[PDB]
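Working notes, beginning with the structure itself.
Note that these values count all heavy atoms, side chains included, but never hydrogens, waters or copies made by symmetry. So you know, we letter chains A, B, ... as the sequences are listed, proteins then strands, and number each from 1.
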Amino acid sequence: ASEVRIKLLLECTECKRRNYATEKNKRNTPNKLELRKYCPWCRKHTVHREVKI
Amino acid sequence: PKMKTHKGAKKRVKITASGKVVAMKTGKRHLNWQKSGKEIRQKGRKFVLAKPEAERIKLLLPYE
RNA sequence: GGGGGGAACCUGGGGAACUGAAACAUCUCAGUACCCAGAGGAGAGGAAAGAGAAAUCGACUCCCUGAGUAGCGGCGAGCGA
RNA sequence: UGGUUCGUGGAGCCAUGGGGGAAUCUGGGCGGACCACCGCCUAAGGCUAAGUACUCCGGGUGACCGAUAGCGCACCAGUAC
RNA sequence: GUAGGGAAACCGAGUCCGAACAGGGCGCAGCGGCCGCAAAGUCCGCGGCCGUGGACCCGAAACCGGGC
RNA sequence: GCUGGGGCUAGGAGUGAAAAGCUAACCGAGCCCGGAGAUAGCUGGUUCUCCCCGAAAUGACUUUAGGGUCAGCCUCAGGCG
RNA sequence: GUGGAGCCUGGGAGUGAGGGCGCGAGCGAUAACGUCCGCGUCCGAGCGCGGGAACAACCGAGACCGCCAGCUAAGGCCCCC
RNA sequence: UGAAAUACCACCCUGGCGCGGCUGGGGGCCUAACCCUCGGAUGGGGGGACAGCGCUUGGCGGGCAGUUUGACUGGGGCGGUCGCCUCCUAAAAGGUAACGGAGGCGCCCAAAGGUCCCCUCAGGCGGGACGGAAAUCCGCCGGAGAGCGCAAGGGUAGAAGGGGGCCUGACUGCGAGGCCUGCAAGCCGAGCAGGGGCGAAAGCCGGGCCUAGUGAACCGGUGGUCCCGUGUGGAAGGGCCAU
Ligand SMILES: [Mg+2]
Ligand SMILES: [Mg+2]
Ligand SMILES: [Mg+2]
Ligand SMILES: [Mg+2]
Ligand SMILES: [Mg+2]
Ligand SMILES: [Mg+2]
Ligand SMILES: [Mg+2]
Ligand SMILES: [Mg+2]
Ligand SMILES: [Mg+2]
Ligand SMILES: [Mg+2]
Ligand SMILES: [Mg+2]
Ligand SMILES: [Mg+2]
Ligand SMILES: [Mg+2]
Ligand SMILES: [Mg+2]
Ligand SMILES: [Mg+2]
Ligand SMILES: [Mg+2]
Ligand SMILES: [Mg+2]
Ligand SMILES: [Mg+2]
Ligand SMILES: [Mg+2]
Ligand SMILES: [Mg+2]
Ligand SMILES: [Mg+2]
Ligand SMILES: [Mg+2]
Ligand SMILES: [Mg+2]
Ligand SMILES: [Mg+2]
Ligand SMILES: [Mg+2]
Ligand SMILES: [Mg+2]
Ligand SMILES: [Mg+2]
Ligand SMILES: [Mg+2]
Ligand SMILES: [Mg+2]
Ligand SMILES: [Mg+2]
Ligand SMILES: [Mg+2]
Ligand SMILES: [Mg+2]
Ligand SMILES: [Mg+2]
Ligand SMILES: [Mg+2]
Ligand SMILES: [Mg+2]
Ligand SMILES: [Mg+2]
Ligand SMILES: [Mg+2]
Ligand SMILES: [Mg+2]
Ligand SMILES: [Mg+2]
Ligand SMILES: [Mg+2]
Ligand SMILES: [Mg+2]
Ligand SMILES: [Mg+2]
Ligand SMILES: [Mg+2]
Ligand SMILES: [Mg+2]
Ligand SMILES: [Mg+2]
Ligand SMILES: [Mg+2]
Ligand SMILES: [Mg+2]
Ligand SMILES: [Mg+2]
Ligand SMILES: [Mg+2]
Ligand SMILES: [Mg+2]
Ligand SMILES: [Mg+2]
Ligand SMILES: [Mg+2]
Ligand SMILES: [Mg+2]
Ligand SMILES: [Mg+2]
Ligand SMILES: [Mg+2]
Ligand SMILES: [Mg+2]
Ligand SMILES: [Mg+2]
Ligand SMILES: [Mg+2]
Ligand SMILES: [Mg+2]
Ligand SMILES: [Mg+2]
Ligand SMILES: [Mg+2]
Ligand SMILES: [Mg+2]
Ligand SMILES: [Mg+2]
Ligand SMILES: [Mg+2]
Ligand SMILES: [Mg+2]
Ligand SMILES: [Mg+2]
Ligand SMILES: [Mg+2]
Ligand SMILES: [Mg+2]
Ligand SMILES: [Mg+2]
Ligand SMILES: [Mg+2]
Ligand SMILES: [Mg+2]
Ligand SMILES: [Mg+2]
Ligand SMILES: [Mg+2]
Ligand SMILES: [Mg+2]
Ligand SMILES: [Mg+2]
Ligand SMILES: [Mg+2]
Ligand SMILES: [Mg+2]
Ligand SMILES: [Mg+2]
Ligand SMILES: [Mg+2]
Ligand SMILES: [Mg+2]
Ligand SMILES: [Mg+2]
Ligand SMILES: [Mg+2]
Ligand SMILES: [Mg+2]
Ligand SMILES: [Mg+2]
Ligand SMILES: [Mg+2]
Ligand SMILES: [Mg+2]
Ligand SMILES: [Mg+2]
Ligand SMILES: [Mg+2]
Ligand SMILES: [Mg+2]
Ligand SMILES: [Mg+2]
Ligand SMILES: [Mg+2]
Ligand SMILES: [Mg+2]
Ligand SMILES: [Mg+2]
Ligand SMILES: [Mg+2]
Ligand SMILES: [Mg+2]
Ligand SMILES: [Mg+2]
Ligand SMILES: [Mg+2]
Ligand SMILES: [Mg+2]
Ligand SMILES: [Mg+2]
Ligand SMILES: [Mg+2]
Ligand SMILES: [Mg+2]
Ligand SMILES: [Mg+2]
Ligand SMILES: [Mg+2]
Ligand SMILES: [Mg+2]
Ligand SMILES: [Mg+2]
Ligand SMILES: [Mg+2]
Ligand SMILES: [Mg+2]
Ligand SMILES: [Mg+2]
Ligand SMILES: [Mg+2]
Ligand SMILES: [Mg+2]
Ligand SMILES: [Mg+2]
Ligand SMILES: [Mg+2]
Ligand SMILES: [Mg+2]
Ligand SMILES: [Mg+2]
Ligand SMILES: [Mg+2]
Ligand SMILES: [Mg+2]
Ligand SMILES: [Mg+2]
Ligand SMILES: [Mg+2]
Ligand SMILES: [Mg+2]
Ligand SMILES: [Mg+2]
Ligand SMILES: [Mg+2]
Ligand SMILES: [Mg+2]
Ligand SMILES: [Mg+2]
Ligand SMILES: [Mg+2]
Ligand SMILES: [Mg+2]
Ligand SMILES: [Mg+2]
Ligand SMILES: [Mg+2]
Ligand SMILES: [Mg+2]
Ligand SMILES: [Mg+2]
Ligand SMILES: [Mg+2]
Ligand SMILES: [Mg+2]
Ligand SMILES: [Mg+2]
Ligand SMILES: [Mg+2]
Ligand SMILES: [Mg+2]
Ligand SMILES: [Mg+2]
Ligand SMILES: [Mg+2]
Ligand SMILES: [Mg+2]
Ligand SMILES: [Mg+2]
Ligand SMILES: [Mg+2]
Ligand SMILES: [Mg+2]
Ligand SMILES: [Mg+2]
Ligand SMILES: [Mg+2]
Ligand SMILES: [Mg+2]
Ligand SMILES: [Mg+2]
Ligand SMILES: [Mg+2]
Ligand SMILES: [Mg+2]
Ligand SMILES: [Mg+2]
Ligand SMILES: [Mg+2]
Ligand SMILES: [Mg+2]
Ligand SMILES: [Mg+2]
Ligand SMILES: [Mg+2]
Ligand SMILES: [Mg+2]
Ligand SMILES: [Mg+2]
Ligand SMILES: [Mg+2]
Ligand SMILES: [Mg+2]
Ligand SMILES: [Mg+2]
Ligand SMILES: [Mg+2]
Ligand SMILES: [Mg+2]
Ligand SMILES: [Mg+2]
Ligand SMILES: [Mg+2]
Ligand SMILES: [Mg+2]
Ligand SMILES: [Mg+2]
Ligand SMILES: [Mg+2]
Ligand SMILES: [Mg+2]
Ligand SMILES: [Mg+2]
Ligand SMILES: [Mg+2]
Ligand SMILES: [Mg+2]
Ligand SMILES: [Mg+2]
Ligand SMILES: [Mg+2]
Ligand SMILES: [Mg+2]
Ligand SMILES: [Mg+2]
Ligand SMILES: [Mg+2]
Ligand SMILES: [Mg+2]
Ligand SMILES: [Mg+2]
Ligand SMILES: [Mg+2]
Ligand SMILES: [Mg+2]
Ligand SMILES: [Mg+2]
Ligand SMILES: [Mg+2]
Ligand SMILES: [Mg+2]
Ligand SMILES: [Mg+2]
Ligand SMILES: [Mg+2]
Ligand SMILES: [Mg+2]
Ligand SMILES: [Mg+2]
Ligand SMILES: [Mg+2]
Ligand SMILES: [Mg+2]
Ligand SMILES: [Mg+2]
Ligand SMILES: [Mg+2]
Ligand SMILES: [Mg+2]
Ligand SMILES: [Mg+2]
Ligand SMILES: [Mg+2]
Ligand SMILES: [Mg+2]
Ligand SMILES: [Mg+2]
Ligand SMILES: [Mg+2]
Ligand SMILES: [Mg+2]
Ligand SMILES: [Mg+2]
Ligand SMILES: [Mg+2]
Ligand SMILES: [Mg+2]
Ligand SMILES: [Mg+2]
Ligand SMILES: [Mg+2]
Ligand SMILES: [Mg+2]
Ligand SMILES: [Mg+2]
Ligand SMILES: [Mg+2]
Ligand SMILES: [Mg+2]
Ligand SMILES: [Mg+2]
Ligand SMILES: [Mg+2]
Ligand SMILES: [Zn+2]
């Protein structure tokens, strides 16, 4: 982790709850992470989106 | 005069029915982003304190 | 009528520090030691602008308990209804 | 600011040094910020035995001392020094 | 002391995490021939050690208060 | 300039032609009583007899290093075999 | 392999300055009664006993008491002996 | 005619002006609070709503007060060091010290991750325009001496190395059993369930060839949850899950 390698949360796009914490290099990856993850509230896979930590 | 209950102990720990001392695992108050889901899940459970340390804590809870 | 005195006790007005926190400042020792004013054989308190959950109790003081509980606390050491 | 278990805490209650400043029962305070409901209580005048504390003093009694002990002093001691 | 589990609401020989009827954590069960024997537990005495007090005894340099 | 008598200024205070000098025969903060049996992880000391067993001076961590908590090693009671 | 063996639960510790020697290394200088580890040993706690002229830890040997009895260990047997 | 259409009745905007209330500043004067002074004092004179003083705001502040100012260490100071990883020392299990001998970490990667399919290095010799010791091409030899982000060691092509496709398991809920171990930590983990990824399938997948890339509590933030809510319903504020 550093100034360019930020920590972040993943938010389920359907129910809005943040289910995952992770990291990325915002120089290499300026756009928001989008990743299908299993949401335990919706109980199914959902596109999650990077959100400010 | 009569012993006083240690309240730091009372707030952190429980004496079980058979006299074990059970506490919350340490290590997940923060700095959790790069911790595997295995580390977080398992740190969320209670554990049984080793006997020498349990004997000390129990004496601090004379009325539990 | 007052003045001054009385071992300890009592109330009010002021009020430490060593020490403990294995250093230390909040905190503790403690509203203690001590100074001062006043009281009297006692002093203080006392007849609800109370308690607080009982559809309840019924002034104040003191003992037992409630209870090292509820809580307070660099949620430390400890303090404590 | 203080008191309370309450160290600013969601901080009410009781007390008040500063500023502002009411009402007389349809008045007002409280039930832990606050608002509603529901209850409790009547502030800003005063007094009041007993149950409680102490032990200079008198007595009674000790699995208390017995002259280096027991009060500092059994004796001309708060003395000699 | 006779019930525990849970932060708690709560449920209870179970409960908590969980979607689980999954898995796991913490829990749950006398001797002899109605009797005697023994025992959970608790009460009192005694003893070891611990906590709070000066806490086995003697000893500072110092700090504070009020006076001289 | 020296000196008698009569006076005033004191404890974080006096006074000092300045030496931290002097403030009642030891002053980098007087003396006395009190808090007080301050605190001392330091040094000293610790009192009759006999019987059985019998260590350690290592590891981890420690504002820790000559002090501690836990483990190791000793000892007693119960149990197992 | 029945031993002051081992294991389980619990009560009480003390110790956490070690030291010499042998071997294996590092450090030092193929120095130190030097230092720091490892395996072992003894002194520590056997400054009790024999030998080593004397001498904690080298060699011999684990002192329950008594005997004007005997055998040995290391080391000794010219005299001190 | 525009969106609205007229004369007159309101009310209100706009922006300004003159009066006035109510003050906010400033300048000037006054006297009577308050302060000073005066043989005179229910007075005269001077200052003057300032200054002084009360409450409260921020600031300067060794004049004073309470304290802090680490440890290791061939004495202490000075210098160096303090956690973590690799190798040696280390006496062929484990472990093992010195201010002994040498290095490295406090990152990184959205692919440098999962799966499937495919491919095989460095180097040497010969040959080929610009073109070289070394760019790219062809042949032959070449078991690993290359590569694997970065120290070192282990491991490794019968891939952990190179390329491509589809993907997000860099899962949620758990966890038999163990390694290590004073505690607390650290580590490995099959399998079961939910919903997925790749693959015809057997299967694999709970990040990365592995071992460093880190920080217990307390206090507080944020997103959920809807568990507590001080007579009651709410709220305040807590708890729980995640960060
Ligand atoms: Mg606490
Ligand atoms: Mg935690
Ligand atoms: Mg933490
Ligand atoms: Mg958290
Ligand atoms: Mg939290
Ligand atoms: Mg990671
Ligand atoms: Mg994970
Ligand atoms: Mg995660
Ligand atoms: Mg979870
Ligand atoms: Mg109780
Ligand atoms: Mg009188
Ligand atoms: Mg008082
Ligand atoms: Mg008074
Ligand atoms: Mg006061
Ligand atoms: Mg004072
Ligand atoms: Mg203090
Ligand atoms: Mg004390
Ligand atoms: Mg203490
Ligand atoms: Mg202290
Ligand atoms: Mg201390
Ligand atoms: Mg100190
Ligand atoms: Mg106090
Ligand atoms: Mg007083
Ligand atoms: Mg007194
Ligand atoms: Mg008077
Ligand atoms: Mg009087
Ligand atoms: Mg009386
Ligand atoms: Mg009275
Ligand atoms: Mg009265
Ligand atoms: Mg009345
Ligand atoms: Mg009770
Ligand atoms: Mg107090
Ligand atoms: Mg107030
Ligand atoms: Mg207050
Ligand atoms: Mg207060
Ligand atoms: Mg608070
Ligand atoms: Mg309060
Ligand atoms: Mg007031
Ligand atoms: Mg008030
Ligand atoms: Mg009314
Ligand atoms: Mg009203
Ligand atoms: Mg009131
Ligand atoms: Mg009020
Ligand atoms: Mg009330
Ligand atoms: Mg109110
Ligand atoms: Mg209320
Ligand atoms: Mg009331
Ligand atoms: Mg009467
Ligand atoms: Mg009276
Ligand atoms: Mg009375
Ligand atoms: Mg009496
Ligand atoms: Mg008498
Ligand atoms: Mg007699
Ligand atoms: Mg005599
Ligand atoms: Mg005498
Ligand atoms: Mg005599
Ligand atoms: Mg006497
Ligand atoms: Mg007498
Ligand atoms: Mg005499
Ligand atoms: Mg019970
Ligand atoms: Mg509970
Ligand atoms: Mg739940
Ligand atoms: Mg179960
Ligand atoms: Mg079980
Ligand atoms: Mg019985
Ligand atoms: Mg019994
Ligand atoms: Mg004990
Ligand atoms: Mg005491
Ligand atoms: Mg004492
Ligand atoms: Mg004592
Ligand atoms: Mg004691
Ligand atoms: Mg002195
Ligand atoms: Mg002090
Ligand atoms: Mg001081
Ligand atoms: Mg001082
Ligand atoms: Mg004084
Ligand atoms: Mg003169
Ligand atoms: Mg004179
Ligand atoms: Mg003179
Ligand atoms: Mg003077
Ligand atoms: Mg003077
Ligand atoms: Mg004086
Ligand atoms: Mg002084
Ligand atoms: Mg003084
Ligand atoms: Mg002083
Ligand atoms: Mg002079
Ligand atoms: Mg004197
Ligand atoms: Mg003097
Ligand atoms: Mg003198
Ligand atoms: Mg002198
Ligand atoms: Mg001083
Ligand atoms: Mg006195
Ligand atoms: Mg004291
Ligand atoms: Mg003393
Ligand atoms: Mg004391
Ligand atoms: Mg001290
Ligand atoms: Mg003794
Ligand atoms: Mg023996
Ligand atoms: Mg040894
Ligand atoms: Mg050691
Ligand atoms: Mg540790
Ligand atoms: Mg340390
Ligand atoms: Mg520290
Ligand atoms: Mg250390
Ligand atoms: Mg020490
Ligand atoms: Mg121990
Ligand atoms: Mg043993
Ligand atoms: Mg043994
Ligand atoms: Mg034992
Ligand atoms: Mg036994
Ligand atoms: Mg046996
Ligand atoms: Mg033995
Ligand atoms: Mg025992
Ligand atoms: Mg004992
Ligand atoms: Mg010990
Ligand atoms: Mg020791
Ligand atoms: Mg030590
Ligand atoms: Mg040592
Ligand atoms: Mg030593
Ligand atoms: Mg040493
Ligand atoms: Mg050694
Ligand atoms: Mg040797
Ligand atoms: Mg030899
Ligand atoms: Mg050697
Ligand atoms: Mg070596
Ligand atoms: Mg030489
Ligand atoms: Mg030596
Ligand atoms: Mg040598
Ligand atoms: Mg050597
Ligand atoms: Mg040795
Ligand atoms: Mg010794
Ligand atoms: Mg020997
Ligand atoms: Mg021995
Ligand atoms: Mg010997
Ligand atoms: Mg000897
Ligand atoms: Mg000898
Ligand atoms: Mg000899
Ligand atoms: Mg000889
Ligand atoms: Mg010798
Ligand atoms: Mg020697
Ligand atoms: Mg023997
Ligand atoms: Mg013979
Ligand atoms: Mg021979
Ligand atoms: Mg000879
Ligand atoms: Mg002969
Ligand atoms: Mg003017
Ligand atoms: Mg005037
Ligand atoms: Mg004028
Ligand atoms: Mg003014
Ligand atoms: Mg004034
Ligand atoms: Mg203000
Ligand atoms: Mg200020
Ligand atoms: Mg300053
Ligand atoms: Mg200072
Ligand atoms: Mg203080
Ligand atoms: Mg102090
Ligand atoms: Mg410090
Ligand atoms: Mg400092
Ligand atoms: Mg420091
Ligand atoms: Mg030191
Ligand atoms: Mg040092
Ligand atoms: Mg040196
Ligand atoms: Mg040293
Ligand atoms: Mg040395
Ligand atoms: Mg030296
Ligand atoms: Mg050294
Ligand atoms: Mg330095
Ligand atoms: Mg090795
Ligand atoms: Mg090794
Ligand atoms: Mg090895
Ligand atoms: Mg070996
Ligand atoms: Mg092992
Ligand atoms: Mg060093
Ligand atoms: Mg790709
Ligand atoms: Mg990689
Ligand atoms: Mg080639
Ligand atoms: Mg070529
Ligand atoms: Mg060419
Ligand atoms: Mg070429
Ligand atoms: Mg290679
Ligand atoms: Mg590199
Ligand atoms: Mg690939
Ligand atoms: Mg791929
Ligand atoms: Mg697809
Ligand atoms: Mg396990
Ligand atoms: Mg462990
Ligand atoms: Mg680790
Ligand atoms: Mg970790
Ligand atoms: Mg599955
Ligand atoms: Mg599946
Ligand atoms: Mg599947
Ligand atoms: Mg398929
Ligand atoms: Mg499948
Ligand atoms: Mg798996
Ligand atoms: Mg990695
Ligand atoms: Mg890979
Ligand atoms: Mg703290
Ligand atoms: Mg919190
Ligand atoms: Mg609720
Ligand atoms: Mg509710
Ligand atoms: Mg409520
Ligand atoms: Mg409503
Ligand atoms: Mg609401
Ligand atoms: Mg809430
Ligand atoms: Mg969490
Ligand atoms: Zn969702």
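- B:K4 comes within 4.0 angstrom of a base, heavy atoms only.
- Across all strands, A:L33 comes closer than 4.0 Å to base atoms (heavy-atom distances).
- To the nearest whole angstrom, the two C1' atoms, one in C:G6 and one in C:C24, are 47 Å apart.
- Note on B:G27: only backbone sugar-phosphate atoms sit closer than 4.0 angstrom, heavy atoms only; bases stay farther off.
- Residue A:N19 is classed as having no contact, given no heavy-atom separation below 4.0 Å to the nucleic acid.
- Salt-bridge annotation for A:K7 and A:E23: absent, with no side-chain N of the basic residue lying under 4.0 Å from a carboxylate O of the acidic one.
- Spacing between atom NE2 of A:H48 and atom P of H:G224 amounts to 15 Å, rounded to whole angstrom units.
- With the rule of ring centres under 5.5 Å apart and planes tilted under 30°, the neighbouring bases D:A63 and D:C64 are not scored as stacked.
- Side-chain proximity of B:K7 to the nucleotides H:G206, H:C108, C:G78 is greatest for C:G78.
- Consecutive bases D:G10 and D:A11 are counted as unstacked, their six-membered rings not meeting the limits of centres under 5.5 Å apart and planes tilted under 30°.
- Among the atoms of the strands shown, only primed sugar atoms or phosphate atoms (P, OP1, OP2) are found under 4.0 Å from some heavy atom of A:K44.
- Contacts of A:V51 with the nucleic acid, taken as non-hydrogen atoms under 4.0 Å apart, are absent.
- The residue B:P1 sits close to a base: some heavy atom pair falls under 4.0 Å.
- B:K43 comes within contact range of the sugar-phosphate backbone alone, with a heavy-atom separation under 4.0 Å but no base atom that close.
- B:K51 comes within 4.0 angstrom of the backbone, heavy atoms only, and of no base.
- Nearest to the side chain of B:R41, among H:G175, C:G68, H:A170, sits H:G175.
- Residue-level contact check: A:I53 touches the backbone only, with heavy atoms under 4.0 Å from sugar-phosphate atoms and none from bases.
- A stacking contact links strand neighbours D:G18 and D:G19, their base ring centres being under 5.5 angstrom apart and the planes under 30 degrees.
- Side-chain N or O atoms of A:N25 include one that pairs as donor or acceptor with a backbone N or O of A:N28 at under 3.5 Å.
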